[PDB]
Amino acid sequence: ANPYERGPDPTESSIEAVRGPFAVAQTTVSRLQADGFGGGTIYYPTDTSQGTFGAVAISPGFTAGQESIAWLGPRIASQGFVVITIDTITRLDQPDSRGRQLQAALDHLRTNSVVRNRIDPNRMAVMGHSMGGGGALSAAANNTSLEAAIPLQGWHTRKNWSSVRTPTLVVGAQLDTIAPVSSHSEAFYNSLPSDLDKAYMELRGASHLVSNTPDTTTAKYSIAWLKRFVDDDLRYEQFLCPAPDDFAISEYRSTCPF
């Protein structure tokens, strides 16, 4: 049996839910308390009886605050994850810096009295929007032990991600004019190793701002990816492989089966 499985067996509805089966609470990390990042909010399951959970850090994009990605925190955490949404050291930080800050936020969790005993520090993942998504790719490229990476409308000047060894879901927005999929998201997917567990999902009709207010398609597939790779939870592969029969997705590619 897989000791990292959490929660009941999933369905389409369970991964679309605004709140999953775990009640959650939150705690604030001040900028002063944060070493190597700008502070953040940690969302965590309150139930201690089901084991420890994997950890996820999420970065906003250029000039943006944690508020622009906050909704992802409790929506993901309620599926059985400890999730920290960060502010960056400065609003002007570029993607490589954001990646180091994502790693610093993950490493902070094991020192946080509220959540340290709720996490498995060996099972960590990174996500982010725009330059924060470029940051997620950089963090994976700088730490081959990370279990998953999810750039959401990622932006980066680096297009070649051939050294990434972390299963990566690239989420593009079809109409994005800020991080256009042709030169960002799709280029990243294409240069990730051909034998990596990876997928590309383009959100039909979506703008760059799709990640900044609740989007069920973004949430459901991010949840399934984190379950499949942070928890190695094979119950979630059915949602990722093959292409979903889902009108909200305008393009899909993957290296399924994983």
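Heads up: residue numbers just count along the shown sequence, starting at 1.
A.B. asks: Name the higher of the two by mean Cα B-factor in the PDB entry, 176-184 versus 77-85.
C.D. replies: Comparing 176-184 with 77-85, the higher average CA B-factor belongs to 176-184.
A.B. asks: On average, which has the higher Cα B-factor in the deposited entry, 58-66 or 37-45?
C.D. replies: Per the PDB record, 58-66.
A.B. asks: Lowest, middle or highest third: which one holds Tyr252 when the chain's residues are ordered by CA B-factor from the entry?
C.D. replies: Its C-alpha B-factor, which the entry lists for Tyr252, ranks in the lowest third among residues of this chain.
A.B. asks: Can you tell me whether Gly99 has a C-alpha B-factor in the lowest, middle or highest third compared with the other modelled residues of the same chain?
C.D. replies: Highest third, going by the recorded CA B-factors of the chain.
A.B. asks: Ranking the modelled residues of this chain by C-alpha B-factor as given in the entry, is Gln153 in the lowest, middle or highest third?
C.D. replies: Within its chain, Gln153 is a lowest-third residue by C-alpha B-factor, going by the deposited values.
A.B. asks: Tell me, lowest, middle or highest third: where does the Cα B factor of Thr166 rank within its chain?
C.D. replies: According to the entry, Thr166 has a C-alpha B-factor in the chain's lowest third.
A.B. asks: Could you look up the Cα B-factor of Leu32 in the entry and say which third of the chain it sits in: lowest, middle or highest?
C.D. replies: CA B-factor rank for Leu32: highest third.
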